[PDB]
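Residue numbers for the sequence shown, in the entry's author numbering: 20 to 120, 124 to 464.
Just so it is clear, CB atoms sit at the ideal spot from N, CA and C, and this is done for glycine as well.
Some notes on the structure that comes next.
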Amino acid sequence: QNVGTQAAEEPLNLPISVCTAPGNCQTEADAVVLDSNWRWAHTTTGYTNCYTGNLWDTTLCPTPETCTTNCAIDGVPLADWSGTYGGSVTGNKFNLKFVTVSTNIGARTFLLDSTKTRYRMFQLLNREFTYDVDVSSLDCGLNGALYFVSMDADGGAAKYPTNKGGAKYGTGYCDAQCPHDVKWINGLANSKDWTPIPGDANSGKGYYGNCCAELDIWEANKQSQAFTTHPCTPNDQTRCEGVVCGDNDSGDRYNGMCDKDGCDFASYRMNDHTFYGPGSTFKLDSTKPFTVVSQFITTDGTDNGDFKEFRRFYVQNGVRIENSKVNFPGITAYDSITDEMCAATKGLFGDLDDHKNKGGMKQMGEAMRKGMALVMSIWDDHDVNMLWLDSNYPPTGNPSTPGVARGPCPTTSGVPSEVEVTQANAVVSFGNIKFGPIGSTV
């Protein structure tokens, strides 16, 4: 995309901590940038929309190349962050409102480095990543997500010279779902064969998808939470078409370059229904804030080893809370993501181990070694109504069959039109982000 001249781009300042030992950290003066999908797209030498509602203008965008020549994405000024997009920062806390009323629904954002010209790339192997979260106002159907993806640090600017904005304009998004709803891919409008998504007034799908590796630290609302590894072959940003995208709609979910299911550790799905929930007698009380700690263990305990284990623990009101465990007869009580856990649990659930097909923890680790961009988002799910996270999936499945039940939400929950009314004022908060060696962040 070209860059428009109507509004300066002003990312929100967000300090994080880089740590060397427990309680010995230094501030890193980073910032938050809005994903290019949420930006106004208009004519390069005017005010005329190139995209309105869920459609590209066919006169301006008869082809992707012409669209890209004629159109530009514009900046987010400071005033518009809260007023239009529902984003705000107080000290080291970042807040994202779900619905902001001209009416904005959801948000996806990235962490910029201290220069505000590149994404802050995190080399996560043999490191610990930690943050405080509040998901108390997110119920069934919503997801306040924090995760990493194998985006380029410059959003693709060096690879795709028609991308003028780079990381500064939140470009280059890709993930392990190979999404077609990304409006700008490889520096070009994804306007070919663009199709609105029914019941989604703001979104559509273009000819291409954009694939890359994804490490989900946090997919969650107050009812259920998960962390998940998604390797791809290769891991780096890859525009896809046809079978390579692994499109759900053509029966290709397991035929593409990315592991779409991922290998998940989701406490409720692993059959501990009392670990996490909205109340003081759950082990971890989702009505109150808490700290989420993630440790990425290698084979030799060094930065050069292969990724072998994703460990997790929590801190809430000064109380250390170890992760829940897998709880099925004849299955080891795993409390972390490893290749063995993935094989054993997917075996039990009858899920295809595409994680293993894509190179497993080792391949996931190669993405983490090269460095990944931090994503913070809030969203509802127009495909599957978040049932995969917090309900029975498939909805018609027996909840006593291992793998089906992922949370207590009813199978009628999560319809975007309903959650966008009922949960309009939901806000996820991510704060006090800390990054360092294992054992350094609490």
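Rounded to whole angstroms, how far is the Cβ of residue i from the Cβ of residue j, which I believe are closer than 8 Å?
| i | j | result |
| --- | --- | --- |
| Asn349 | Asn293 | 4 Å |
| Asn379 | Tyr153 | Going by Cβ atoms, the distance from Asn379 to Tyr153 rounds to 31 Å, so no, they are not a contact pair. |
| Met173 | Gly194 | 5 Å |
| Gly268 | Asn257 | Contact doesn't hold; Cβ gap of about 15 Å is too wide. |
| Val52 | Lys181 | No, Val52 and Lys181 are not in contact; Cβ-Cβ is about 19 Å, not under 8 Å. |
| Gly231 | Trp401 | Not really, about 17 Å apart at Cβ, beyond 8 Å. |
| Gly425 | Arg291 | 7 Å |
| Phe151 | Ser316 | 5 Å |
| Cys280 | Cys364 | That pair is no contact at about 15 Å. |
| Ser289 | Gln259 | The Cβ separation is near 31 Å, so there is no contact. |
| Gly228 | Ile219 | With a Cβ gap of about 11 Å, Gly228 and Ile219 do not count as contacting. |
If we call anything under 8 Å between Cβ atoms a contact, is residue i one with residue j?
| i | j | result |
| --- | --- | --- |
| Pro30 | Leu134 | yes |
| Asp361 | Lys368 | no |
| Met386 | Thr250 | no |
| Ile319 | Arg342 | no |
| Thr434 | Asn414 | no |
| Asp156 | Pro34 | no |
| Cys90 | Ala211 | yes |
| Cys254 | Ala198 | yes |
| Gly301 | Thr309 | yes |
| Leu168 | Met398 | yes |
| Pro459 | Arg149 | yes |
| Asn243 | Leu160 | yes |
| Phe287 | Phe297 | no |
| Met394 | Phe132 | no |
| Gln20 | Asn185 | yes |
| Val118 | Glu442 | yes |
| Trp59 | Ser213 | no |
| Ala175 | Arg130 | no |
| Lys138 | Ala50 | yes |
| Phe329 | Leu147 | yes |
| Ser346 | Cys38 | no |
| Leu411 | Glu241 | yes |
Using the beta-carbon count (16 or more within 10 Å), is residue i buried or exposed?
| i | result |
| --- | --- |
| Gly110 | exposed |
| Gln45 | exposed |
| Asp215 | exposed |
| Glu344 | exposed |
| residue 489 | Any answer about residue 489 is impossible in this case: the structure gives the chain only from 20 up to 464. |
| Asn420 | exposed |
| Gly94 | buried |
| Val265 | exposed |
| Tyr66 | exposed |
| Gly42 | exposed |
| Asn165 | buried |
| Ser124 | exposed |
| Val204 | buried |
| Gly221 | exposed |
| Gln245 | buried |
| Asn56 | buried |
| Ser272 | exposed |
| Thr87 | buried |
| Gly72 | exposed |
Which residues bound the beta strand (DSSP E) around residue i?
| i | result |
| --- | --- |
| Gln245 | Premise fails: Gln245 is in no beta strand (DSSP E) and is neither H nor E. |
| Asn454 | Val449 to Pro459 |
| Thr46 | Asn43 to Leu53 |
| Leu115 | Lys112 to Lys116 |
| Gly106 | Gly106 to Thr109 |
| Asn32 | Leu31 to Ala40 |
| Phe297 | First-last for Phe297: undefined, no H or E at that position. |
| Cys285 | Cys285 to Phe287 |
| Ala60 | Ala60 to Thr62 |
| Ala427 | From DSSP, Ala427 is part of no beta strand (DSSP E); its letter is neither H nor E. |
| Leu134 | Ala129 to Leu134 |
Considering residue i, what are the terminal residues of the alpha helix (DSSP H) in which it resides?
| i | result |
| --- | --- |
| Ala389 | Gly382 to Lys392 |
| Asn89 | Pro83 to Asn89 |
| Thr444 | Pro438 to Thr444 |
| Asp412 | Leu409 to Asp412 |
| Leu97 | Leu97 to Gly102 |
| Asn379 | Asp376 to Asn379 |
From the beta carbon of residue i, is the nearest beta carbon of chain D less than 8 Å away?
| i | result |
| --- | --- |
| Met279 | Looking at the structure shown, chain D is missing, and only one protein chain is on hand. |
Which parts of the region 207-281 are runs of the beta strand (DSSP E), unbroken and 3 residues or longer, counting only runs that do not cross its ends?
Fully enclosed beta strand (DSSP E) runs of no fewer than 3 residues occupy 231-233, 236-242, 247-252 and 260-262 of the region 207-281, in order along the chain.
Residue ranges of each alpha helix (DSSP H) within the region 302-373, 4 or longer:
With a minimum length of 4 residues, the continuous alpha helix (DSSP H) runs that stay inside the region 302-373 are 361-371.
Whole beta strand (DSSP E) runs in the region 139-220 with 3 or more residues, listed along the chain?
You should have 149-156 and 165-171.
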